[PDB]
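Encoded as structure tokens, the structure appears first; notes follow it.
Hydrogens, waters and symmetry mates play no part in the numbers below; they use all other heavy atoms, side chains included. Throughout, a chain's letter reflects where its sequence line sits, starting with A, and its residues are numbered from 1.
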Amino acid sequence: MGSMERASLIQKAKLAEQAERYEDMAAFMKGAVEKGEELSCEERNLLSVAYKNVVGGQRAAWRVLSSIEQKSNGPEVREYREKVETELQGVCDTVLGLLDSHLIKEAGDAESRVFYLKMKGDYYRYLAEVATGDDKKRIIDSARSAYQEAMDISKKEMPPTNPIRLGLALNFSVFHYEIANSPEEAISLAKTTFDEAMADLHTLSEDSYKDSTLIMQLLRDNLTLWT
Amino acid sequence: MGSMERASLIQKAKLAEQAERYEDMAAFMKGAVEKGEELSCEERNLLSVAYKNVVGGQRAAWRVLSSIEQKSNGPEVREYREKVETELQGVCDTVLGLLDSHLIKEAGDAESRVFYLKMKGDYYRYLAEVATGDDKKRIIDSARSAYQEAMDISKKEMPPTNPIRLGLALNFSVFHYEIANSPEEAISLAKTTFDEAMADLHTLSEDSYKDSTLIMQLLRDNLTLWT
Amino acid sequence: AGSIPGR
Amino acid sequence: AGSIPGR
Ligand SMILES: *Cc1ccc(S(=O)(=O)N(C)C2CCCCC2)cc1
Ligand SMILES: *Cc1ccc(S(=O)(=O)N(C)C2CCCCC2)cc1
Ligand SMILES: [Ca+2]
Ligand SMILES: [Ca+2]
Ligand SMILES: [Cl-]
Ligand SMILES: [Cl-]
């Protein structure tokens, strides 16, 4: 997207979101990142929404194909599952490449740095969901390490109701439950996060209260499923 | 898809449908058509489902972008609408190319020939929805001509309850209403089609009755909207 | 106005 | 188990 203006790529990403053209949206936002400037809060959300929708569709398809493959156990189901898996891995590698070149290293404020480290944990987590080889353990540790650095910053620099801090804790708790086989750690993290946010709600405006309580309900929904 | 077996392409198209990967499904079915053999009834449905979903998503996005463009009347909205429009036209041209090389000319039974001519009318109709240039009238006439040939065959060779005959009449009625600015012709065609099917329902099994009455309800739904 | 669906 | 949605 080298010939298109940064502002035009951002505008087109917003149009692509409206049109539910998430592959286009991700391509526009990749082009915007590659301009080399840091991203504002809104632009970070556009980048995250685009890739989360692209990889979300790939993960759903991979799960359908993996289920058919497991029930069947010709080569066609495995071949097609492998094709989808390779495409999914390619998108995760693309996102991780953008974070490494050079979003994370230029992110100095807590809000941006936590945001990008949470993304890094998420995309390693999606790689871990399909991993089966010699590097599976290292993929899981890469997710854990990114989430943990984000957690350490968020606990020092953000209030317990901050929506990024809450969403990071939610996704790290899912990592513990679904990837790391640590359901007790998942439950403890979700409970402590919820309780500390509850005790801080009194400080918030009506609008911030709505933002924080929405994510708290997601933590509670998982705790209801897990306990 | 030249190196993949015909039967493997068909199997993968079915898997892609299950996974809601319609672009893949269309690519597999294009490969199957290009093997050069005629398509069975099931295979014709796979081809039609794949492309109808691909172009259906493109049309929905084109409509969103066209609405934003009309309300705005920089270059970005027009540029992006044009990009989506060109992709849509390319898919329609691909389908029309498959019908012309060589599905229609090898289709001798009424069921296959009507099916493909209805597809030809549909994809010209989708081209007409976005057309604005010197060929718009010719695009509309191409849709009309394909639908009309399909109609002539269907009235001679199929019973009035046949689901392909009913779906052809439904889509030709939509052509009349939405493309040709002939709402009275649309209403007359939908009403006559519905009434003639009603009078033939007594000949059908329970399963055929369910198939025919489903499409009759679609005709009635349009008549309710139009009258 | 509705046209035919695929399935 | 649900992770965060985009919007
Ligand atoms: C990981 C994460 C958490 C929270 C946000 S957000 O900016 O507060 N936002 C988009 C919310 C996301 C969940 C649903 C409501 C809004 C962004 C990213
Ligand atoms: C154009 C057309 C009409 C009907 C058929 S079908 O084979 O009878 N079938 C898939 C129906 C399509 C509408 C919803 C119920 C089934 C195929 C193509
Ligand atoms: Ca510039
Ligand atoms: Ca062969
Ligand atoms: Cl910085
Ligand atoms: Cl033939």
Side-chain angles (χ1 to χ4, degrees), chain A residues 1 3-29 31-32 46 50 53-70 72 74-88 90-91 130, chain B residues 1 3-29 31-32 46 50 53-70 72 74-88 90-91 130:
Chain A
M1 293 282 171
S3 67
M4 195 177 318
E5 287 278 15
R6 189 189 190 277
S8 298
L9 292 163
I10 295 297
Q11 179 176 178
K12 290 179 184 180
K14 294 174 185 175
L15 295 171
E17 180 176 19
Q18 288 189 78
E20 292 164 26
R21 295 263 299 196
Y22 291 104
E23 296 181 25
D24 285 353
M25 184 196 189
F28 292 136
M29 291 295 320
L46 290 169
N53 275 275
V54 172
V55 81
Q58 294 172 316
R59 292 162 73 208
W62 184 93
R63 291 193 298 271
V64 166
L65 300 171
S66 186
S67 176
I68 297 167
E69 187 184 11
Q70 284 164 327
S72 71
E76 286 85 0
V77 184
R78 172 188 55 79
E79 288 173 348
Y80 188 41
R81 188 269 301 156
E82 286 173 335
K83 183 194 160 170
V84 171
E85 177 174 307
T86 297
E87 295 188 15
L88 184 161
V91 176
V130 308
Chain B
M1 293 282 171
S3 67
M4 195 177 318
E5 287 278 15
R6 189 189 190 277
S8 298
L9 292 163
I10 295 297
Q11 179 176 178
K12 290 179 184 180
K14 294 174 185 175
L15 295 171
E17 180 176 19
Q18 288 189 78
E20 292 164 26
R21 295 263 299 196
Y22 291 104
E23 296 181 25
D24 285 353
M25 184 196 189
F28 292 136
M29 291 295 320
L46 290 169
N53 275 275
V54 172
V55 81
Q58 294 172 316
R59 292 162 73 208
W62 184 93
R63 291 193 298 271
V64 166
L65 300 171
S66 186
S67 176
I68 297 167
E69 187 184 11
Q70 284 164 327
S72 71
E76 286 85 0
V77 184
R78 172 188 55 79
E79 288 173 348
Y80 188 41
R81 188 269 301 156
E82 286 173 335
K83 183 194 160 170
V84 171
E85 177 174 307
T86 297
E87 295 188 15
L88 184 161
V91 176
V130 308

Exercise for review: Specify which of B/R63, B/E79, B/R81, B/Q58 makes the most heavy-atom pairs with chain A at under 4.5 Å.
Suggested key: B/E79
Practice item. Look at atom CD of B/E82 and say whether more than 12 heavy atoms of other residues, nucleotides or ligands are closer to it than 6.0 Å. Key: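 Correct, the count exceeds 12.
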Review point. If contact means a heavy atom pair closer than 4.5 Å, which residues of residues 3-14 of chain B contact chain A?
Key: B/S8, B/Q11, B/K12
Check your understanding: Closest heavy-atom contact between A/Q18 and B/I68?
Key ->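 For A/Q18 versus B/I68, the nearest heavy atoms are OE1-CD1, 3.6 Å.
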Check your understanding: Can you name the residues that form a side chain to side chain contact (heavy atoms under 4.5 Å, CB included) with A/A19, not counting sequence neighbours?
Key ->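 Counting only residues at least two positions away or on another chain, A/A19 forms a side chain to side chain contact (heavy atoms under 4.5 Å, CB included) with A/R21, B/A61, B/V64, B/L65.
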